[PDB]
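What follows are structure tokens for two forms of the same protein chain, given separately as structure 1 and structure 2.
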Structure 1
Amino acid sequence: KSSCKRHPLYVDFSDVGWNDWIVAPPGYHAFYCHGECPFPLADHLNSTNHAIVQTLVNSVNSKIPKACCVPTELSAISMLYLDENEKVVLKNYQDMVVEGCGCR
């Protein structure tokens, strides 16, 4: 089936129940990773030797599962929140958005 790819995902903070503390943005394009990790591995330039060993082990013994499609390149986003003084505060939140997917 479909190999390891990045897929769209818009996180609306109001649907998730975070509109009460996040002033801005109303949501964000987080994305998600999903898909089969057969030989050769997706993001093979950065993929771990262990994933290479495990997908080889899987090819000999199906009881051992293949490597898994997860975010391998992430990016941060700036958000606004209110503090005790009811004042808006900017903070950068690390590894919020997926830039690339790979097998791990």
Structure 2
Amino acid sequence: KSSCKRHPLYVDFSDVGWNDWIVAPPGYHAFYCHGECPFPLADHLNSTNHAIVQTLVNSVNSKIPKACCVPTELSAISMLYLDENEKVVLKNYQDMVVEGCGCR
């Protein structure tokens, strides 16, 4: 209910101004995580004990902020780009795509 979850985000390399730098891909679905971390923190939020305590403290004292909705599982993508010398570099970048969101 406006709770912590994965949201759409397509990263278009033209919109970032990286068209001349990145040969492939043209962009990619990164996603992002957003939403409130309510009490209680449900199983699929994969919370730490600390996020659980902070959530409880926040419900007693609003000055302590709530836990935060962040990626807890991410996957890799391949990229091809041009370096300083105009040479083609291949890289598999880890942790580029949000697969799961949780409260931390």
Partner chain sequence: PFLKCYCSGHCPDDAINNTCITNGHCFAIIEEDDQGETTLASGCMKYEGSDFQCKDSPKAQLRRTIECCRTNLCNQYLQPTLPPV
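In this text, the rigid core denotes the largest set of C-alpha atoms whose superposition between the two forms falls within 1.5 Å. Just so we're on the same page, residue numbers count up from 1 along structure 1's sequence. Shifts are known only where both forms have a C-alpha.
Trainee: The form deposited without the partner chain: 1 or 2?
Mentor: It is the first structure that is the form deposited without the partner chain.
Trainee: Which one of 88, 9, 24, 16 is the only residue whose C-alpha moves by 2 Å or more between structure 1 and structure 2, after superposing on the core?
Mentor: Residue with a C-alpha shift of 2 Å or more: 88.
Trainee: Once the core is superposed between structure 1 and structure 2, does residue 42 show a C-alpha displacement of at least 2 Å?
Mentor: Shift of 2 Å or more: yes.
Trainee: Would you mind giving the Cα movement of residue 62 between structure 1 and structure 2 in Å, after fitting on the rigid core?
Mentor: The alpha-carbon displacement, core-superposed, is 0.7 Å.
Trainee: Can you give me the runs of at least three consecutive residues whose Cα atoms all move 2 Å or more between structure 1 and structure 2, with the core used for the fit?
Mentor: Residues 42 to 46, 82 to 89 form the runs that move by 2 Å or more between structure 1 and structure 2.
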